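Residue numbers (the authors' numbering), protein chains in the order written: chain A, 1 to 265; chain B, 1 to 265.
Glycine included, every Cβ here is placed at the ideal spot set by N, Cα and C.
2 protein chains.
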Amino acid sequence: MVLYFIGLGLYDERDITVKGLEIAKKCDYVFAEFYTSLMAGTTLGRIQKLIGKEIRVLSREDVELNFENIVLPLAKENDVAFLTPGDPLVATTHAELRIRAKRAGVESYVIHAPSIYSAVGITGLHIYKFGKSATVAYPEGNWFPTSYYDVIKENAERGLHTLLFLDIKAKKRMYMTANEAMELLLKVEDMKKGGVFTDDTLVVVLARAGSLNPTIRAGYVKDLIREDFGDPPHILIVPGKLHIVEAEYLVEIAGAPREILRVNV
Amino acid sequence: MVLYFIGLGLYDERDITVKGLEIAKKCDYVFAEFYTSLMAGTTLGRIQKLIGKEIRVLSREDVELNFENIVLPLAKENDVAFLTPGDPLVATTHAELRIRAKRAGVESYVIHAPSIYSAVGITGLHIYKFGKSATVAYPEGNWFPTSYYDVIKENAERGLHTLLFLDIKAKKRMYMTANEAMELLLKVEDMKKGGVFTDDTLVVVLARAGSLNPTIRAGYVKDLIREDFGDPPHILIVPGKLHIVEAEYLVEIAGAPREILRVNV
Ligand SMILES: Nc1ncnc2c1ncn2[C@@H]1O[C@H](CSCC[C@H](N)C(=O)O)[C@@H](O)[C@H]1O
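Here you go:
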């Protein structure tokens, strides 16, 4: 009687690890949530066919409010798996669910999978140079989130890159595009005047990481803000000072303006 | 005409993704490098058996000096796979290899897999709170590198966690232990006296991430410096101020002392 937290990866059903698949295939009950991220290259049906089990999808409320009443009860007398997009413990609050598991006397194990947090390495930007991360949240009513702007400022001041997770409204089927994120950032800039994000700021966009042909683009906000980066999910990155090799990759692979090759050391 | 960069994941031969395995199986030639890191929970033989292909292992020199003479020629007229521990392109030197492919008229695609960079999510520490990362290198002769100490200092003063990759002598398969890293840091502290790493510093050790039975331990240096965390690899994290939820996970899951709930939050 145990509970497995198993990541499904970045884009499609084949992004699950072999370990995760073999373990999922032998579980008695399989649950999953698809509100923390978007797997744009698969369907519930394909995932179900791969693991050979029926998958009960849980809503954010089911998990946050009733994980211990829906999943844990079964884990006390059966092998249960809880599937999630990407890595189950990255940019989610699922780690806390392991405490609930302990309290219920249920042992839990974690099976990792490709995460967008590390996949950004495909942009050519050195992973160790990424600083604090942030999420660009949709404004709601009179509330306009701006914390992410300060994160960029803090990292950039230290010469570090900033990974910006983009908002998602699973129920409404709304996925924030890199374009919308840029528009919001420009609005915060006009409000704060920190000189952190402007039309001349160099940015990198990574869309549908995990697919064989993800969209990887780098350039100035003024040029990319109205560019079509394809279907979601998208992630936006605001690089700090570039090493020469980072600039070379952005130019050669992400189509960045050749002028960025001339770094100001 | 195609080169696939395929990640092998965290620990053993089943940490490769289903996508990576199926693609590797269909490749005409398969190369691999084990110098950026190692796969401690498996062997080349077990990886070969899973993929059902002979694996040509390449040294750091083979890759950095002769990638275009060893791998690319075959990729020109065949489907070739290049396996790497973890997630491809996390290691800083990997990215440039895609430019080499482009220069040789070879298409390249990246197949992601779990990376320790994202797997640390299992420590319960929020991924967004991780700042710049660093590597603790073994001092040698008259060379005593200490830049990693400064990374911790700069992250911590901003309330961010610091991921410290530990040194490895790839060919000899000798891993720096978290204990050795702590000893080194106390030594650097005694030299810099910045009050960044002392007996009272709270640290988190993650050993054998990817395994079903990783060791996750949190506590003060004075208590953990001589503790046995099991077989390698080891990762050391120096967290910044903790969110109560992070602290509760460290206490409940990582055996941290209750004291952290009042001292480090
Ligand atoms: N394949 C992908 N391509 C681009 N962005 C992605 C992505 N998968 C996730 N994201 C980004 O991350 C956000 C979800 S955050 C949850 C992340 C997940 N646990 C993981 O490990 O990846 C999305 O709204 C999007 O901005």
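Looking only at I6(B), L125(B), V265(B), the smallest Cα-Cα distance to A91(B) is reached by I6(B).
Ranking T201(B), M174(B), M176(B) by CA distance to the CA of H161(B) puts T201(B) first. Within chain B, no C-beta atom comes nearer than 8 angstroms to that of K53(A); the closest sits roughly 15 angstroms away.
Counting the other CB atoms within 10 Å of its CB gives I244(B) a total below 16, which places it among the exposed residues. For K19(B), the CB contacts under 7 angstroms within the same chain, skipping 5 residues up- and downstream, are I111 in chain order.
If you compare the alpha carbons of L10(A), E107(A), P139(A), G124(A) with that of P88(A), the shortest gap goes to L10(A).
For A91(A), the closest Cβ of chain B is nearer than 7 angstroms.
Against chain A, the CB of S115(B) has a partner CB under 7 angstroms away; the residue lies at that interface. The C-beta of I122(A) comes closer than 7 angstroms to at least one C-beta of chain B.
In this structure, the alpha-carbon of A95(A) lies about 43 angstroms from that of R258(A). Taking the beta carbon of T17(A) as reference, the chain B residues within 8 angstroms of it are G9, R14, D15, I16, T17, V18, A113, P114, listed in sequence order. Exclusion of the five residues before and after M39(A) leaves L8, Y11, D12, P85 as the residues of its chain whose Cβ lies within less than 7 angstroms of its Cβ. Rounded to the nearest whole angstrom, the CA to CA distance from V71(A) to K26(A) is 17 angstroms. Taking the C-beta atoms as reference points, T177(B) is found nearer than 7 angstroms to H234(B). Among the residues of chain B, those whose CB is under 7 angstroms from the CB of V110(A) are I122, following chain order. Only exposed fits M1(B), as fewer than 16 other CB atoms lie within 10 angstroms of its CB.
Between ligand 1 and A91(A), a heavy atom-to-CB distance of less than 6 angstroms is present.
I99(A) sits in a helix when the DSSP states are folded into three classes. For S108(A), the enclosing beta strand (DSSP E) starts and ends at 107-111.
Counting along the chain, the unbroken alpha helix (DSSP H) around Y149(A) starts and ends at 147-157. Here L65(A) is exposed, its C-beta having fewer than 16 other C-beta atoms within 10 Å. The DSSP-derived three-state label of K129(B) is helix. DSSP places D228(B) outside any beta strand (DSSP E), giving it a letter other than H or E.
For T215(B), the three-state secondary structure derived from DSSP is strand. Distance from the CA atom of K102(B) to the CA atom of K171(A), rounded to whole angstroms, is 41 angstroms. Straight-line measurement puts the Cα of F67(B) at about 23 angstroms from the Cα of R173(B).
Residue contact with chain B for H126(A): present (Cβ-Cβ distance below 7 angstroms to some residue of chain B).
The shortest CA-to-CA distance from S37(B) to any of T17(B), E248(B), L58(B) is the one to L58(B). The region 40-47 of chain A makes no contact with the region 137-144 of chain A, as fewer than three CB pairs between them are under 8 angstroms. Taking a cut-off of 8 angstroms on C-beta distances, the region 191-209 of chain A does not touch the region 149-165 of chain B, as fewer than three cross pairs fall below it. Around the CB of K222(B), fewer than 16 other CB atoms lie within 10 Å, so the residue is classed as exposed. The alpha-carbon of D150(B) is positioned some 28 angstroms away from that of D231(B). The beta-carbon of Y4(A) is placed no less than 7 angstroms from the nearest beta-carbon of chain B. In terms of beta-carbon proximity, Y175(A) stays away from the interface with chain B, with every pair separated by 7 angstroms or more.
In this structure, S133(B) and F165(B) form a Cβ contact; the two beta carbons are roughly 7 angstroms apart against a cut-off of 8 angstroms.
In the structure shown, the three-state DSSP call for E22(B) is helix.
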